[PDB]
Each structure stands twice: as C-alpha cells, then as structure tokens.
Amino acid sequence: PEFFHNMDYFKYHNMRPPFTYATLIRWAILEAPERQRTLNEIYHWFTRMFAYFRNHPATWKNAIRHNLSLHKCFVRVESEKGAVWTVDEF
C-alpha cells in the first residue's frame, strides 16, 4: 500500500511516496546546486531517493516524461552539455 504513518525521508522500505510526480520532480530540480538537471539525473535521483521506484522503471519513467511536458512550471533549456530541465517558481 502507501506510507503507514508520518515517517520522513526513509527511502529504504519499498513504500509509495505520498507525493505527486509534479512535486517530486520540482524537488529533484531544486536539489541540484545550479537548479537544473538532465532527465537522466532525474531518473538517478528518483531511484536513489526511493526504494519503491527501483522495481518497475518503465511505469514511472513514462510518468516523469508526461508530467514534465504537461505542466507549464517545467521548462526545457538547452545547455552546452545538452538539454536540461528547470522550474518556474511563478
């Protein structure tokens, strides 16, 4: 099922985070010191930061792509090293 109580960032039990894809991505982008990440770094962040997402990659990688291009507060910016995603706080 989903999270049994109020426990904080324990990523060590395969339990669904009680957060939207829209908001998890927003948090992953703002974690980077430059406030941007590549799509792969977002994939690495999700797996690293939650045990639940280590089991069915195709199910949620599709979701992450979907949310990025559906919400106006996610913006793609071309960099020297390639495409990255940023967040419009407004």
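Quick note: we count residues from 1 along the sequence shown, nothing fancier.
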Tell me which stretch has the larger mean Cα B-factor in this entry, 78-86 or 21-29. 78-86
Going by the entry, which third of its chain does the Cα temperature factor of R65 land in? middle
Among the chain's modelled residues, which third holds the C-alpha B-factor of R48? middle
Ordered by C-alpha B-factor within the chain, which third holds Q36? Give me lowest, middle or highest, please. middle
